[PDB]
Every structure is written in structure tokens, then in C-alpha cells.
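Every residue, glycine among them, receives a Cβ derived from its backbone with ideal geometry; neighbour counts consider all protein chains shown. Read-outs: derived from the displayed coordinates by stated rules, not from any lab.
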């Protein structure tokens with residue numbers, strides 16, 4: 001699993017791979033890991049699909065009840081603090097690594113990493129799931145806060161790709177979603193048109209010189225590709 | 001005769017008598033007055049002291065519920081404190097669970113549903129007091145009155161107690177669009193001095209409290225210099 005929210009000025013972008021593996025076999029190829037809690041408050045879901053789905057629905061329900069009775073919008077804080085309590089109460093039973101991101105009119109674009117333990121850390125940008133670990137360096141280098149909505153999406157896609165290209169667990173479609181003052185813009189980059197992949201990168205075209213013919217010279221040439229040669 | 005013994009019982013006319021009765025306990029109690037401004041909100045309450053020997057801040061009728069919201073009870077004080085103790089439990093559930101200061105609009109409705117639950121079942125009796133919830137959360141400055149029935153209603157200006165009638169005439173003379181939280185303290189306190197019977201209740205003081213841009217939208221007793 002690879003997930004990440006980043007905040008731009010107005011709002012946030014979540015981005016995710018779309019692969020749920022039972023280890024080494026890909027059970028689903030096109031999972032939505034971005035899960036609507038309210039209109040403008042999406043959570044990303046890393047770890048056991050079961051447990052994040054059961055928590056996403058349990059919270060999306062309380063935010064619904066809340067949103068009705070207060071007769072106003074939900075603050076993203078509220079979504080993250082509900083999600084912290086439920087991730088924390090059960091922290092031993094479940095295996096859930098959440099990112100609550102969203103927009104409320106008060107604070108604007110808020111992102112909360114709720115990792116395993118049930119910590120809850122308001123940030124500029126959060127990385128979750130197996131394929132997080134690849135991005136951390138990639139962010140430290142190429143991330144540059146104060147991006148436009150357009151760039152933050154184009155970036156997150158680029159990022160989720162760099163991760164799912166190295167991680168086995170992660171792969172498939174790169175679902176994003178931008179949550180700001182305007183109406184939520186989801187888009188689903190299919191793998192065939194992903195911004196980065198090792199297969200199409202010219203770095204990795206030229207094969208490693210492993211096979212190598214029976215020669216009369218220590219001079220490495222290329223691989224042996226014909227039995228005639 | 002049986003139509004009025006419990007709250008679980010409508011009369012033939014269709015009204016709960018035990019709730020109207022608890023409502024009579026509010027209208028024989030010490031007069032409270034409040035005023036919602038643009039700046040914030042002010043609650044004054046006359047405390048009628050029985051004995052000359054009471055301390056200053058004895059039978060405190062005004063209680064902080066959260067940072068931004070305080071109740072001012074008018075009616076049976078002890079009952080009112082059970083309301084406050086609840087309102088608090090709700091206001092802190094809002095901070096614990098939902099990570100936000102309770103909205104004033106909610107806190108009033110949460111307190112109404114509490115005071116109402118005691119007008120339904122036979123076991124309970126209705127609450128003897130009105131509560132005046134004064135919040136200043138993200139919904140702006142808000143003033144609300146939960147009466148024994150559980151009937152919330154938002155007010156600009158409000159009067160409760162035995163002077164309610166005359167104290168409401170004097171609240172109508174004010175312009176609520178204009179007045180600040182600093183004027184209001186003086187005028188509400190001026191009202192409670194004017195309406196209070198001098199021959200019946202010799203020993204009394206005027207506990208005032210506000211929440212406004214002055215006090216950092218924090219609900220507190222005003223200092224004893226602003227009161228007159």
C-alpha cells in the first residue's frame with residue numbers, strides 16, 4: 001500500500017495506489033483506498049482492508065450524525081480525533097495506518113497521519129503504507145511546499161508512482177482527490193499512462209551484463225542472446 | 001386531582017401540570033438578566049442572600065460550562081447545578097471526542113434534551129430552574145434559555161425570575177445592534193438594582209459574568225469595579 005496526502009494553499013490532495021495484495025497475489029487491482037468521511041474530508045487507508053473499511057464507515061457514520069445535529073460543516077480535526085480514538089482503543093486488535101485529510105472553511109487544508117499506534121500528527125504532508133518508506137527520501141529532495149493545486153496533484157501522482165514502481169505490495173492505478181473550497185476533483189491515472197515506471201525509464205533499458213558469453217578475454221561485452229553466438 | 005401528581009401525565013387540555021409547576025419555582029426565584037451583543041454576551045443575576053454573614057461568591061448562580069460557555073441558573077439552585085454538571089459533561093465530550101469547543105446552539109439543545117428527559121418518565125420530576133446558556137464559540141456570540149419543559153429558545157435579551165415582567169420592559173429600551181459588552185454590564189446591573197424589591201429582600205448582590213472579545217472569548221465573572 002502507498003498513500004499520501006499533501007496540503008497546497010487552498011486545500012489538500014490525497015493520492016493512492018489501487019492494489020490490495022494477500023502478500024504476493026493481487027486480490028484486487030482497482031481498490032479505492034481514498035474513502036469519503038464527509039463531502040470534503042477523505043481518509044486514506046493503509047493496512048488490513050477489513051479494519052480500515054470498518055473504521056472508515058464507523059467514523060463516516062458519527063461525522064454524518066454530528067454534521068446533522070450541529071447544523072454546520074465538520075472540522076477536519078473532528079474527523080482525525082474521532083479516527084484517532086477508534087484506531088487507539090483497538091490498537092492491539094487491528095492493523096490500520098490512516099491519513100485523514102480534508103478541507104473545512106475555518107482551518108483550510110488539514111492533513112493528519114494516524115499511524116498504527118493511534119498517534120495523530122497534523123502535518124504539511126503524510127505518507128502511509130508499505131510504499132511510504134520509498135517516498136520519504138523522494139519528498140525530502142523534490143517536495144517544495146507552496147505548490148499550486150495543479151502541481152500538488154501532478155507531484156503526488158509522480159510520488160505514488162515512484163513508490164509503487166519499487167514496492168511489490170503497491171501498484172496499479174494512482175487515484176488522487178483534491179479537497180478545497182470548490183467541488184471535489186477525483187482523477188484515476190491508469191498504470192499504462194503513469195508519470196514514472198522503471199520499465200519505460202531509459203536508465204534501466206540497457207540490461208545488467210550477467211549471462212556473458214564464453215570468451216578468450218576478461219573484456220565484458222554484453223549478454224549472450226543467441227546460441228549461434 | 002390525579003392529573004397533576006406526575007410528569008408522565010397530560011391533563012384533558014393537553015398540558016403537563018408538573019412542568020408548569022416547576023415553571024412556578026422559576027417565577028418565585030431571584031431575577032436573572034442577559035444581553036447578547038456583537039462583541040459577546042453578558043449575564044447578570046441578583047442573588048437574594050438569606051443571612052447577613054454569607055461570604056462573597058456564596059450560592060454562585062453563574063457557572064463556567066466550558067472556556068467559551070457558562071450557564072446562569074435561575075430557579076432552584078441545586079437542581080440547576082445538576083444541569084451545569086451535565087452541560088459540562090456534554091461540553092467536554094465535544095472537546096474529548098469531536099476535538100472542538102461545543103457550539104452554543106448545540107450546548108443549549110443538549111441541555112434542553114436533558115431537562116426534557118425529566119418531564120417524560122414518572123420516576124423523575126422536572127427541573128425547578130431555567131438555565132441561561134451564554135456561549136461564544138465559532139457560531140458567534142449566542143444566548144439561549146432552557147426552561148423546565150426542555151424548551152430551548154435563542155434570545156438577544158432575556159429576563160427570568162419574579163421581576164421577569166418589569167425587567168423585560170427595561171431590556172426592550174436597549175438597542176442590541178449598537179451596545180458593547182462594557183455598556184451592557186452597567187445597564188443589566190442597573191436593571192437588576194431598579195426592579196429588586198428593597199422591603200422584601202434587604203440582603204442581595206448582583207453577580208455579573210460575560211464572554212466577549214474583551215475577555216478573550218473566555219467565560220468569567222466580571223471584576224467588582226465594572227458592576228455598578
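A compact table of results
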item: Peptide ranges B:43-55, B:110-122 listed from the most packed, as the mean C-beta count within 10 angstrom indicates; result: B:110-122, B:43-55
item: Ordering of B:133-145, B:88-100, A:200-212 by burial proxy (mean other Cβ atoms within 10 Å per residue, highest first); result: B:133-145, B:88-100, A:200-212
item: Chain B: relative contact order as a whole-number percent, Cα under 8 Å and 6+ apart; result: 29 percent
item: Calculated diffusion of chain A, Stokes-Einstein form, Kirkwood radius summed over Cα pairs, 37 °C and 0.692 mPa s, µm²/s; result: 174 µm²/s
item: GNM flexibility winner over chain A from A:79, A:96, A:49 (Cα, springs under 10 Å); result: A:49
item: Shielding by other protein chains, A:217-228, mean Cβ within 10 Å; result: 0
item: Shape of segment B:92-183, Cα gyration tensor, a/c cut at 1.5; result: oblate
item: Global form of chain B, assessed from the alpha-carbon gyration tensor, a/c cut-off 1.5; result: oblate
item: Peptide B:102-110, shielding by other chains (average Cβ, 10 Å cutoff); result: 2
item: Neighbouring partner chain Cβ atoms per residue of A:69-76, average, 10 Å criterion; result: 4
item: Order by protection proxy (mean Cβ within 10 Å, highest first), peptides A:189-198, B:4-13, B:123-132; result: B:123-132, A:189-198, B:4-13
item: The protein assembly as shown: C-alpha gyration tensor shape, a/c 1.5 cut-off, then a/b vs b/c; result: prolate
